[PDB]
């Protein structure tokens, strides 16, 4: 089952790489699906002028393949950003942050002309929520924010032994009714001490490449 899923991830990542057509500033996401993209990037080395990374994990992987990684402040604007997602609904709105890089991932999406999301079918849903929503919080505010999330009906679970690239901690929130991703993303952004929440809806994916169980490509 895991070898099967890995095959679909590789298909989706490989397909997304074809969009690297011209000389561009490429932004690179985080996760296992992105891991197969990073490997594929060797075949597009002459097209990739500058690389920006959403995580030290991906940076480590990119540098290991000889790619120079440039800070977003010196790169400026990203032409194309490619990243995975934990969930994707019918309007290309995502839950992300399963691998903890959600802050820099959201910053990269914000500074990108175009955002392509690469998934296998298991991540496609009609309604976001079943996968617990990651929220990056200032360590000092963890208990306060946990309480505010309990008021909303969510059940926050502190992800132990995890410190994000930015020095923060993650709350994974269960039992949320997320029928209005736009509204709740806005809501969570107003809670003091929240750095970033895992809903990618205000600025959704421009294209979502999904590998089906039959090894076909669906472009949503």
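Residue numbers count along the first chain shown, from 1.
- Between 30 to 38 and 178 to 186, it is 178 to 186 that carries the larger average Cα temperature factor according to the deposited entry.
- Higher mean CA B-factor, judged across 195 to 203 and 19 to 27 from the recorded values: 19 to 27.
- When the C-alpha B-factors of 138, 82, 111, 150 are read from the PDB record, the largest value belongs to 150.
- Among all modelled residues in this chain, the alpha-carbon of residue 74 has a temperature factor (C-alpha) in the highest third.
- Among the modelled residues of its chain, residue 45 has a C-alpha B-factor that falls in the highest third, as given in the PDB entry.
- Placement of the Cα temperature factor of residue 99 within the chain: highest third of the modelled residues, per the deposited record.
- Residue 86: CA B factor lies in the lowest third for its chain, per the PDB record.
- Per the deposited record, the Cα B-factor of residue 167 falls in the lowest third when ranked against the other modelled residues of its chain.
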